[PDB]
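Please read the structure below before turning to the comments.
Chain letters run A, B, ... following the sequence lines, proteins first and then strands; every chain starts at 1. In listed order, ligands and their atoms are each counted from 1. Basis for what follows: all heavy atoms, side chains included, without hydrogens, waters or symmetry-related copies.
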Amino acid sequence: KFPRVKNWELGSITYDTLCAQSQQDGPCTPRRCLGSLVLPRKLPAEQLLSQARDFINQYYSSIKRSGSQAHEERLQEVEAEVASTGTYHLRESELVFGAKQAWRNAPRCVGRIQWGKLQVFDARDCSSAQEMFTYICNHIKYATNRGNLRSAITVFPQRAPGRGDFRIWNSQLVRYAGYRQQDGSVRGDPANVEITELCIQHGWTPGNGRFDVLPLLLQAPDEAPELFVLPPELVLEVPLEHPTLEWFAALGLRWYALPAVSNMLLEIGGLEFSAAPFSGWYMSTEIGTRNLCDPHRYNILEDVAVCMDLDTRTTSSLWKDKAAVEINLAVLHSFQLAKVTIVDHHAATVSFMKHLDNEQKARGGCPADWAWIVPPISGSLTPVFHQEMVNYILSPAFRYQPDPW
Amino acid sequence: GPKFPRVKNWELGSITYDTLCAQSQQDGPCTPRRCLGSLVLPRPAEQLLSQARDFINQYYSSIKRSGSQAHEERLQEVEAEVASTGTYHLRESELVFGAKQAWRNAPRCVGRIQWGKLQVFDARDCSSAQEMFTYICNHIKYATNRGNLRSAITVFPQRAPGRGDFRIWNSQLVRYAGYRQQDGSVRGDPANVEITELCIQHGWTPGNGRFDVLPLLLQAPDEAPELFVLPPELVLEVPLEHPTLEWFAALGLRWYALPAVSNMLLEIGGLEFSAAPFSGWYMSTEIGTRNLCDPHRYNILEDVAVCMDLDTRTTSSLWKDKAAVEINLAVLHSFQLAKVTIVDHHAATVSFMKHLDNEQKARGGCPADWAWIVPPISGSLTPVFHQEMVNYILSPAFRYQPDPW
Ligand code: HEM
Ligand code: HEM
Ligand SMILES: Cc1cc(N)nc(CCc2cc(C#N)cc(CCc3cc(C)cc(N)n3)c2)c1
Ligand SMILES: Cc1cc(N)nc(CCc2cc(C#N)cc(CCc3cc(C)cc(N)n3)c2)c1
Ligand SMILES: C[C@H](O)[C@H](O)[C@H]1CNc2nc(N)[nH]c(=O)c2N1
Ligand SMILES: C[C@H](O)[C@H](O)[C@H]1CNc2nc(N)[nH]c(=O)c2N1
Ligand SMILES: [Zn+2]
């Protein structure tokens with residue numbers, strides 16, 4: 001039942017007992033493992049009531065008050081509310097606890113050592129796209145903090161039986177436009193072609209740069225989404241230069257400070273928050289490796305290799321591997337110079353190892369998706385490569401949800 | 001959609017469905033409730049007949065004679081043989097097919113584009129440990145072929161009803177000694193401390209270098225294992241140097257040419273071949289990244305970085321990343337110089353994508369273990385990182401088996 005989990009570098013073993021608490025099926029079966037798939041194929045009062053209770057039980061236990069008067073009364077409130085209305089509402093403190101727990105539970109997140117330090121903005125009294133914009137701006141300002149980045153989440157109104165969802169259409173709060181050219185290519189970020197086109201269509205005046213910050217498309221229930229331009233002074237950006245390579249700065253490369261996911265659903269106690277954007281700070285491989293070097297992203301390896309005068313003719317010269325290292329170094333150097341928070345993949349994975357150990361003591365296990373935890377360069381050079389990991393779904397949870405269009 | 005796993009490549013945006021996984025008869029370690037794909041080792045006449053019938057059906061399909069008199073007579077011959085004796089025997093071309101099929105089925109091997117090109121040495125007549133030695137030496141000579149390496153496998157007699165197994169105690173045909181020092185460190189390869197100490201226990205006179213080739217501990221049915229030293233002239237080795245860093249040759253690093261796994265079980269139609277070593281050629285990251293840079297192996301990252309004058313006191317200089325690239329380049333360069341076959345991780349993973357496409361057409365899928373297929377440096381720089389993979393067990397197969405001691 002309970003899996004033995006081994007670290008191969010140190011030869012140590014733990015047993016994951018926490019997985020017995022999963023109530024939600026992942027994609028694998030005994031016949032075949034599907035653990036490497038990015039998305040699940042997937043994309044009543046009795047059932048809401050029991051997730052509700054389980055979460056309230058979670059919360060009172062967290063404040064050591066299991067079984068107290070306050071606990072029993074709270075379970076009664078929840079039961080009374082569901083029975084009469086088919087739904088219920090969380091108290092602010094309960095929400096706060098749920099958001100941290102959803103982060104704690106996120107198997108794909110290597111930054112979870114930070115999970116206890118999360119500023120939570122209650123935006124549940126939001127009634128318009130306009131109000132959503134104000135809240136999003138205050139989040140960005142708080143989170144950014146002149147480069148001294150602070151983790152945060154802002155929670156818009158939950159989904160309801162009657163009506164359309166509150167949604168942020170953009171996948172992140174800051175995204176660069178991707179412009180489909182005649183010549184079939186893309187100018188800017190190819191990942192954001194579809195969102196750039198939705199923006200233009202809803203009336204945005206596009207640019208023609210490689211790094212034009214997109215406007216937000218915000219949707220109040222059952223209304224057309226609305227367009228809002230982020231004030232340039234709120235979007236902190238970092239020009240990329242290299243400590244020793246003078247020509248690198250010439251490339252004109254840059255990236256934003258704030259990684260803020262905005263298309264994911266936050267589930268707490270059976271309740272669903274379809275708009276609940278959250279941010280921390282970047283690990284440098286996200287920018288240096290994936291965003292700049294993925295062949296379907298900015299795909300800049302070749303340009304850099306040529307600048308370094310490397311032998312591009314053959315894979316055996318490891319030109320790809322050499323240019324990648326310098327691009328990652330440029331990202332770290334630049335963020336450090338500009339006094340904006342960043343973590344390298346060695347420091348991050350070492351702290352994830354400490355987190356694994358903390359969670360083993362605290363909860364008897366830690367859900368983790370090895371393919372997402374291990375960095376996209378220098379995998380086996382980090383300690384997580386050598387760590388077996390068990391993957392499963394615990395609730396509170398961040399989930400993927402359909403695109404609104 | 002089809003009710004088979006949908007599989008996506010996130011670089012090209014292309015989709016396939018794995019229908020091959022339907023043929024899987026053995027459960028792996030995952031369940032709906034938790035994924036265990038990252039674990040290295042996760043965990044009767046009627047049963048034999050049924051595996052035998054299935055393998056014979058595979059054989060006759062492969063020669064396009066499924067349904068024929070020859071097919072049903074072979075079936076008849078197999079069940080008669082199990083009826084009277086409890087076991088059965090494969091024809092020669094049946095063994096050749098099954099050996100190739102087991103390589104083809106190996107989810108952890110990125111080298112599978114070559115699967116059709118395997119020299120199968122039949123050693124099912126072997127009857128002593130001395131003869132095992134002769135066969136093994138012939139394998140190495142043929143496979144090594146003065147540096148122009150050729151894939152091969154040698155098959156020794158299968159497990160018999162209450163008769164002892166043929167076993168090769170060593171994990172590979174070529175391994176360096178690991179000597180546990182009286183200060184607690186290890187000289188040589190720490191992976192091989194146990195087998196080194198079994199070797200000495202059985203009367204081997206040990207050396208004291210970092211790169212002493214171990215002797216072979218060969219076990220014939222019901223006999224204690226016997227010890228055989230490989231004649232040095234049969235063990236091709238490559239001294240490591242760097243194309244531009246002149247001091248790298250002074251490190252006195254080296255590696256052997258021939259990777260030959262010798263502790264795996266080859267299972268075909270229920271029959272179990274406990275000694276059946278097989279060899280290919282190396283992918284460079286196995287040597288330059290894992291074998292040399294793993295903390296629990298040669299661990300040379302720090303030494304190399306010091307020679308390169310890197311800042312080894314801060315993670316954010318990427319000192320580990322820069323040293324690893326250079327050690328990897330040195331492995332490729334030294335092998336090329338010495339005319340000994342090797343393949344870099346770019347060329348290997350590209351060829352594996354081609355293999356994925358061939359197998360989609362030929363069998364409707366390909367079992368693949370993402371954590372093992374993705375190379376341990378430059379992960380997302382290779383096309384396999386962006387390819388979803390389905391993992392399941394098909395037979396014939398190579399399986400792990402308990403250590404003989
Ligand atoms: C504090 C600094 C943080 C760091 C360095 C960090 C690090 C990372 C990294 C490297 C990834 C993989 C991302 C990718 O490949 O695109 C990730 C994923 C993720 N993180 Fe974090 N994280 C941080 C904070 C947070 C916070 C505050 C939350 C939510 C409260 C969070 C929840 C998640 C989730 C749900 C994923 C999976 C995203 C997806 O499926 O697309 N993380 N994290
Ligand atoms: C032709 C050149 C070949 C290349 C480049 C190659 C490449 C590799 C690599 C890089 C691995 C992972 C090794 C590790 O991380 O320790 C591997 C594993 C494996 N390969 Fe190959 N391979 C080749 C030929 C073969 C052959 C000839 C066979 C058997 C007939 C084979 C069967 C296997 C098996 C069973 C594994 C998994 C072994 C384990 O779990 O330890 N491969 N291969
Ligand atoms: C808080 C935080 C901090 C930090 N340092 N990094 C992150 C991860 C960022 C991330 C952004 C996007 C986007 N857009 C997609 C991903 C995953 C890729 C993806 C791709 C697709 C197609 C859908 C989907 N839901 N996700 C990750 C978050
Ligand atoms: C034919 C061929 C070609 C090629 N390029 N590479 C290989 C496989 C390499 C490999 C070797 C060993 C060993 N010894 C162990 C492994 C597995 C790692 C391992 C390590 C330990 C300690 C235990 C265990 N069960 N498994 C892999 C084969
Ligand atoms: C197909 C494969 O699962 C996919 O490329 C994953 C691999 N690992 C990852 N890991 C992280 N952190 N982020 C990613 O986007 C991915 N992509
Ligand atoms: C814990 C993890 O499964 C383990 O370190 C795996 C990861 N991927 C690997 N991939 C290959 N090719 N070889 C290995 O030994 C490993 N080790
Ligand atoms: Zn799985």
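Seen from the ring of A/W115, A/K117 does not count as a face-on cation partner, given the 6.0 Å and 45° thresholds.
Taking the Zn ion (ligand 7) as the corner point, the angle from A/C33 atom SG to B/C30 atom SG is about 110° (rounded to 10 degrees).
Proximity to A/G280 (heavy-atom distance under 4.0 Å) selects the following atoms of ligand 1: 1 (C), 2 (C). Taking a cut-off of under 4.0 Å to the non-hydrogen atoms of A/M283, the atoms of ligand 1 that pass are 10 (C). Short contacts between ligand 5 and B/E388, defined as distances under 4.0 Å to a heavy atom of the residue, involve ligand atoms 1 (C).
Among A/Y282, A/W115, A/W281, the residue whose heavy atom lies nearest to atom 2 (C) of ligand 1 is A/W281. The closest non-hydrogen atom to atom 37 (C) of ligand 1, taken over A/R108, A/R112, A/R399, comes from A/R108. Of the candidates A/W372, B/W10, B/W370, B/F385, A/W372 brings a heavy atom nearest to atom 13 (N) of ligand 5. Between the choices A/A276, A/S151, A/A348, A/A260, the shortest heavy-atom distance to atom 1 (C) of ligand 1 belongs to A/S151.
Backbone and side-chain nitrogen or oxygen atoms of A/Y400 are examined, and one is located within less than 3.5 angstrom of a nitrogen or oxygen of ligand 1. Polar contact with ligand 1: present for A/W103 (N/O pair, distance under 3.5 Å).
A centroid separation of less than 6.0 Å is found between the aromatic rings of A/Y142 and A/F121.
For A/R290, the closest heavy-atom approach to ligand 5 falls below 4.0 Å. Residue-ligand proximity: A/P259 is placed with every non-hydrogen atom at 4.0 Å or more from ligand 1.
Counting heavy atoms closer than 4.0 Å to ligand 1, residue A/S279 contributes backbone atoms (N, CA, C, O) but none from C-beta onward.
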